[PDB]
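Let's start with one chain on its own, the form deposited in one PDB entry, as structure tokens.
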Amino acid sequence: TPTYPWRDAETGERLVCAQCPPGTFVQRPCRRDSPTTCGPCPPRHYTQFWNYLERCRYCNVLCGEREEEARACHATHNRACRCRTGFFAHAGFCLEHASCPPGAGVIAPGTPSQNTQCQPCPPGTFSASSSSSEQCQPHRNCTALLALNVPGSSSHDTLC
């Protein structure tokens, strides 16, 4: 149990007081005859660590319009936010996940921490869409069933 130094305001005597646990604050310091008295965080406030604060801290993190609550305000911690689905965090902002243009496909979708990753479609695959989900797909094997009218590109399927 952690402690803190405190001079009695009545006497000036040098005391060792016990600190209050997360979710509480110091309501009355210890004195010669009694220990520290902790009280409970009131609504909207918090203490996350052992402390000797004389009031709780306000939950001053609020979630903007492109964010959602990753953790709630609670007597033992502030609120925390992340980017809502579709967005990722960059230099304090919540940015829209990129789309991979035609000719390129998704090799990793966007997360709350990363943007969409794209590759140029490799030989024998295509992507015809600007899309933040669509992956490069193999061309149809025309010959495997007609014969080819036009060979596929990285952006268009093979035509029969």
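Don't overthink the numbering: it's just position in the shown sequence, from 1. Under this definition, the rigid core comprises the largest set of C-alpha atoms superposing within 1.5 Å between the forms.
- According to the record, 1 to 3 deposited residues between residue 145 and residue 146 are left without atomic coordinates.
- Higher mean CA temperature factor between 8-16 and 21-29: 8-16, per the PDB entry.
- The stretch 33-41 shows the higher mean C-alpha B-factor when 104-112 is compared against 33-41 in the entry.
- In this PDB entry, residue 120 carries a Cα temperature factor that places it within the middle third of its chain's modelled residues.
Only in words, not in the display: the form deposited in another entry, which the text now covers.
- Residue 31 is among the residues whose C-alpha shifts by 2 Å or more between the shown form and the other one once the rigid core is aligned.
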